[PDB]
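Notes for the structure review
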Amino acid sequence: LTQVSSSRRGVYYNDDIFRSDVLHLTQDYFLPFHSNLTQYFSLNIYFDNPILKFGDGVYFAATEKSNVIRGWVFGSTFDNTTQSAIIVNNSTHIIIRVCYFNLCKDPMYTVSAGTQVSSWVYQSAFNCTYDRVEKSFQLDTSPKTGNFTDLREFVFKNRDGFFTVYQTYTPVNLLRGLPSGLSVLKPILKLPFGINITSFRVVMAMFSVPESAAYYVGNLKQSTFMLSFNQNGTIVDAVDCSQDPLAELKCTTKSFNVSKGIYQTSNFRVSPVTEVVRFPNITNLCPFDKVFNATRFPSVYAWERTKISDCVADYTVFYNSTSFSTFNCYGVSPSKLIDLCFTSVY
Amino acid sequence: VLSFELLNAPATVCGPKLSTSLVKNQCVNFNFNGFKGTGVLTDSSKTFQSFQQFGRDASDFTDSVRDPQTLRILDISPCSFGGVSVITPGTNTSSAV
Amino acid sequence: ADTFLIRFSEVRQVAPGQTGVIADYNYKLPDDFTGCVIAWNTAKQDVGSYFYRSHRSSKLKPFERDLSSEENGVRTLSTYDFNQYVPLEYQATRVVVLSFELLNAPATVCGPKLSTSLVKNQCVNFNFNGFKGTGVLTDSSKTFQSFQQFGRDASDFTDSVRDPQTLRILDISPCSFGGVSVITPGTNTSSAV
Amino acid sequence: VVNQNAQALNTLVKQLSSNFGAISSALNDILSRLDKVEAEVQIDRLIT
Amino acid sequence: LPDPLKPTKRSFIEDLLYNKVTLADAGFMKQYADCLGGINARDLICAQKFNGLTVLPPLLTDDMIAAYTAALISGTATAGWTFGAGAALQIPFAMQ
Ligand SMILES: *[C@@H]1O[C@H](CO)[C@@H](O[C@@H]2O[C@H](CO)[C@@H](O)[C@H](O)[C@H]2NC(C)=O)[C@H](O)[C@H]1NC(C)=O
Ligand SMILES: *[C@@H]1O[C@H](CO)[C@@H](O[C@@H]2O[C@H](CO)[C@@H](O)[C@H](O)[C@H]2NC(C)=O)[C@H](O)[C@H]1NC(C)=O
Ligand SMILES: *[C@@H]1O[C@H](CO)[C@@H](O[C@@H]2O[C@H](CO)[C@@H](O)[C@H](O)[C@H]2NC(C)=O)[C@H](O)[C@H]1NC(C)=O
Ligand SMILES: *[C@@H]1O[C@H](CO)[C@@H](O)[C@H](O)[C@H]1NC(C)=O
Ligand SMILES: *[C@@H]1O[C@H](CO)[C@@H](O)[C@H](O)[C@H]1NC(C)=O
Ligand SMILES: *[C@@H]1O[C@H](CO)[C@@H](O)[C@H](O)[C@H]1NC(C)=O
Ligand SMILES: *[C@@H]1O[C@H](CO)[C@@H](O)[C@H](O)[C@H]1NC(C)=O
Ligand SMILES: *[C@@H]1O[C@H](CO)[C@@H](O)[C@H](O)[C@H]1NC(C)=O
Ligand SMILES: *[C@@H]1O[C@H](CO)[C@@H](O)[C@H](O)[C@H]1NC(C)=O
Ligand SMILES: *[C@@H]1O[C@H](CO)[C@@H](O)[C@H](O)[C@H]1NC(C)=O
Ligand SMILES: *[C@@H]1O[C@H](CO)[C@@H](O)[C@H](O)[C@H]1NC(C)=O
């Protein structure tokens, strides 16, 4: 698994609003500049498509030769108990289904050059909650080709139950590796899915073993980006302000151009990566049954007062037993008391 | 009617949470009995009382805290350190700083 | 049009920033929600058995759905019986949650409103798909995209808009124009300016 | 001049303890108590 | 004028003018090693650095300014009033 640098690659539209002639700064998930992606081959003299890692986003760039890369299969565990969200072309249409899939170990395809077409992506589906078929493409060139012709880049983002797809497609004359330059994407799909995605694959077309293909997988990370917009509404320049002092200077000065001098810069250098949690080791369950569900509650004019100490605070035991008519908190949020520690409770 | 309170005292009622390992001299985000923050942890040497959990600065910024496990004292420092200046010629001339 | 069916006492949990058995393991709304929540009681026409996830290994992301009827070795699907002759905190309640967004895109769902004639080069208060404002309207020569409706200035001020009746571009300018100075002598001397 | 500059910097440092109408003068006990729905109306007071 | 037989590059009166303004209270010359130690973390300078309030150093140092004053005094003594107009013209001090 050799690693190739990604020079100024993977810039998309993180916001759906329209902006023209603006140097607006975003703070979202992006592919870091000059990052090292992994290289996956498809040579004949092999066929590998392992279960990749889908974090906060994935940059997928494939240098296909003759339609070797067909589509993708998303999901969480790729089992019988979780839903997949495949986006695969049948060589004539494009089908986007979110069902309970029964995929094989290797989801290969077959081409019409060998007089055998049979889509072997999955066995059967059931309890499908989303399906749409569109035929906005022509049949792919099933006969093969002697050199690389075009490269296609894709980015998938899952957020708030919405799955957004960004794509670009450029013709080159390549032999090995990934070119250098700035590439922007555009949204084409904003589907509602409703599932959670943590791992994804790629389906490739086999011929009975493919000739030659290569794709690269990256992972988006939290970063600060400055973007430039023209009069058309497109991105013409983008700098990642976490790699060089000049990038940080350009971010601080709010301009892509600087004069000669010495300027003080802000801090976009470090970012936390791991969390530290320290709690006292108390394992006693609180008396939530002898306080709430007592035999006789007192009358209002002679209300009692009980002290709570040396406990653990678990409201979850009330989830399958009782429903509270009203429950409102003053001073603290009713959603941040799961991880709080108190000194005295009455 | 429940009425909690938060002080600079040892806690008695806490939520379910699992403690992890301690990492020092790195930019991390911590959680000490529901005191969520972000900083660099360093083994300190200041002296507290028999009950004090976290000390404070003049600007009410927590800089020293006692972890509930092993009862040691840890110092909190900002991740960014000092002022950094960049000396550059013009962009049209060069791009070396 | 997210639709479901819960008990009557849990309608308070369908809100931004709440906990319980609905907003933790069943259906969670995002914090920056912009919509409407509608709920009403139908305890007569909804009789049967309906399920809900009681306990889970982790919480739910906003607008996330899981149909796992059995996780690990347990079902994690408790059931309540819906009928009449039952206390009102334990009765069925239909809930419909809507969600809006107002982007620079052509409108699809609108309200009932009758369109009037177009007046140009006058100080009028306009209305373009709910965008209420005041200004002087005139024909524009600017070029737009194929989808956008209103283009903004450098100070986030809408200066151009597209009327959905006849697809064309209009320009918006303020009614007051520039600075106007008044030269006068003292009031006790005269009143001519 | 030295005393005035030192006093101005010390006052600028010590002016961080005013809560400005929020529930606390620190950003850590606001973000660890209130959810993101109603914590944005307290941070903005501190920033302004 | 400065003494050539001394390790200092400043004169006697210029040395007496120093050690009269106490610059240590303002913390103009402080290292970052003692602030990060934590023993003296309650200083009034380390909080300024921790809150992003730094003090930039002056461009000209004290030795350059002392050299400037020594050059001006030597030009006044040897030349007089005529080194501010054009070239320096020598003249005995009694006649000046
Ligand atoms: C997507 O949901 C699935 C199903 O809940 C998650 O898979 C497990 O999540 C738990 C949460 O505590 C982890 O402990 C397990 O290790 C996960 N894997 C398995 C195989 O059980 C998955 O993590 C979710 N993905 C994201 C990105 O949150
Ligand atoms: C509180 O405990 C009481 C018993 O002291 C519960 O009442 C009974 O609980 C049993 C549990 O096996 C049920 O079979 C009965 O139907 C319950 N009877 C009644 C009249 O409710 C009670 O459910 C508990 N909870 C509350 C909220 O009162
Ligand atoms: C509600 O949830 C509780 C908590 O899980 C269940 O109580 C468990 O019941 C099983 C089966 O009898 C016992 O083995 C566990 O020890 C119980 N756990 C605890 C924490 O008490 C309970 O059965 C569920 N159902 C009802 C109707 O109360
Ligand atoms: C390059 O790949 C290496 C692993 O070989 C990785 O540690 C590093 O972060 C990547 N990027 C750069 C810029 O070195
Ligand atoms: C997966 O589920 C299907 C449902 O049709 C079933 O036929 C199949 O046996 C299952 N496979 C397993 C459990 O490996
Ligand atoms: C297109 O997909 C459909 C399923 O929607 C499948 O039956 C059909 O065979 C596909 N067409 C081709 C040419 O493979
Ligand atoms: C969908 O799930 C329900 C609930 O388990 C089941 O009764 C039904 O048969 C499923 N549908 C299909 C097509 O298998
Ligand atoms: C905007 O894009 C159009 C094509 O849609 C092109 O003709 C034009 O030159 C572009 N204008 C600018 C100012 O970039
Ligand atoms: C820097 O300045 C030139 C000349 O004004 C300008 O045209 C150019 O866009 C700027 N360079 C960038 C943004 O790289
Ligand atoms: C439990 O708490 C005690 C007392 O603070 C501490 O010494 C110990 O390390 C903690 N953990 C375990 C696993 O005993
Ligand atoms: C209806 O809308 C169309 C399309 O914008 C427009 O041409 C037409 O004038 C409108 N009014 C009527 C009365 O048809």
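Method of determination for the deposited model, per the PDB record: cryo-EM, at 3.45 Å resolution.

The subject of this paragraph is the sheet that holds strand β15 (residues 235-240) of chain A. Residue and element names in this part refer to chain A. With respect to topology, three strands assemble into an open sheet ordered β2-β14-β15, the strand pairing being antiparallel. What marks the edges here is a single partner per strand, and that holds for β2 (25-30) and β15. Neighbour-to-neighbour, the strand axes of this sheet turn through a mean angle of 40 degrees, independent of strand direction. In the sheet, strand β14 (residues 221-229) pairs with β15 via five bridges, with the strands oriented antiparallel. Along β15, the bridge assignment pairs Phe229 with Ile235.

To continue, consider the pairing of strand β7 (residues 131-139) of chain C. Residues and elements named next belong to chain C. Two elements, strand β6 (residues 123-128) and β7, share six bridges in a ladder whose sense is antiparallel. Bridge pairing links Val124 to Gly135 in β7. Linkage of β6 to β7, two consecutive antiparallel strands, is achieved through a turn of two residues, within which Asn129 is found at a positive phi near 55 degrees. The sheet contact formed by β7 and strand β10 (residues 168-173) spans four bridges and is antiparallel. Within the sheet, the bridge partner assigned to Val136 lies in β10 and is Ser173.

Now for the packing of aromatic side chains. Residues and elements named next belong to chain A. Tallied over the entire structure, the rule returns 44 aromatic pairs over all chains. Where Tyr12 meets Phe30, the ring centres are 5.3 Å apart and the plane angle is 35 degrees; that geometry is what we call tilted. One end of the pair, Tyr12, is in the loop between β1 (3-6) and β2; the other, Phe30, is in strand β2, and 18 residues separate them in sequence. Taking relative accessible area as the criterion, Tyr12 reaches 0% and is therefore assigned buried. According to the relative accessible area criterion, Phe30 is buried, its value standing at 0%. When the ring of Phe60 is compared with that of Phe200, the centres are 6.5 Å apart and the planes differ by 85 degrees; the resulting orientation is edge-to-face. Of this pair, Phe60 sits in strand β4 (residues 58-63) while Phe200 sits in the loop between β11 (186-192) and β12 (201-204), and the two are 140 residues apart along the sequence. Overall, the relative accessible area of 0% leaves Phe200 in the buried class. Ring pairs connect the aromatic residues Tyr40, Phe54, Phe60, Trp72, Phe74, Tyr130, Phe154, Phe156, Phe163, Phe193, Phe200 and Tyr215, which therefore count as one cluster. Over the aromatic face of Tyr169 sits the side chain of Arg152, whose NZ or CZ is 5.0 Å from the ring centroid.

A separate point is the nonpolar core. Residues and elements named next belong to chain A. One finds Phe60, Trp72, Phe74, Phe156, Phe163, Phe200 and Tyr215 to be the most contacted residues of the largest nonpolar core, which totals 30 residues. Contributions of two or more residues to this core are made by β4, β5 (69-73), β7 (94-100), β9 (150-159), β10 (162-171), β11, β12 and β13 (214-219). Counting residues per element, this core draws most heavily on β4, which supplies three residues. When near neighbours in sequence (up to four residues on either side) are disregarded, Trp72 contacts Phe60, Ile86, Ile87, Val88, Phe154, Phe156, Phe200, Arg201, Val202 and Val203. Ranked by size, the runner-up nonpolar core spans 22 residues in total, among them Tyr13, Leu220, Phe225 and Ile235.

Inspection of the secondary structure assignment puts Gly161 of chain A in the loop between β9 and β10. For the pair formed by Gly161 of chain A and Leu191 of chain A, sequence separation is 30 residues and the distance between their alpha carbons is 8.8 Å. Apart from the residues within four sequence positions on either side, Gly161 of chain A is in contact with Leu191, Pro192, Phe193 and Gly194 of chain A together with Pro62 and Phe63 of chain C.

For the rest of this paragraph, the subject is the side chain of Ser25 of chain D. Relative to the helices and strands, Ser25 of chain D is located in the loop between α1 (2-14) and α2 (28-31). The class of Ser25 of chain D is buried, set by a relative accessible area of 18%. Of the polar contacts made by the side chain of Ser25 of chain D, one reaches the side chain of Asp60 of chain B; its length is 3.4 Å. Discounting chain neighbours no more than four positions away, the residues touching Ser25 of chain D are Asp60 of chain B together with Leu16, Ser17, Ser18 and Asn19 of chain D.

Rules of the game
Counting of residues restarts from 1 for each chain and follows the sequence as written, so the numbers need not equal those of the entry; residues with no coordinates are not shown. Chains and ligands are labelled by the order in which they are written, letters from A for the one and numbers from 1 for the other. In this view the chains form part of a larger assembly, and all numbers refer to the visible part. Only hydrogens and water are set aside when side-chain values are computed; all heavy atoms of the structure are taken into account. Any two strands with at least two DSSP-identified bridges between them are counted as paired. We count a stretch as a helix when DSSP gives it H or I for four or more residues in a row; a strand needs E for two or more, and each element gets its number in order from the N terminus. Angles here are taken between N-to-C directions and fall from 0 to 180 degrees, while the axes themselves are lines fitted to C-alpha atoms, restricted in helices to the stretch in contact. Centres within 6.5 Å are what make two rings of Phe, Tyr or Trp a pair, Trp counting through its six-membered ring; a difference in plane orientation under 30 degrees is then read as stacked, over 60 as edge-to-face, and the rest as tilted. Burial status follows relative accessibility: with a 1.4 Å probe on protein chains alone, a residue under 20% of its type maximum counts as buried, one over 50% as exposed, and anything between as partly exposed. Each ring is checked for a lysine NZ or an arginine CZ that lies within 6 Å of its centre and within 35 degrees of its normal; such an atom marks a charge sitting over the ring. Working definition of a nonpolar core: buried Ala, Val, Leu, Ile, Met, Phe, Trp, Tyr and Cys residues. They are joined through side-chain atoms within 4.5 Å. Contact between two residues is taken to exist if any of their heavy atoms lie within 4.5 Å; hydrogens are not considered. Contacts described as polar in this section are N or O atom pairs within 3.5 Å, which, within protein, must combine one atom able to donate a hydrogen with one able to accept it, while residues neighboring in sequence count only if both atoms come from side chains.

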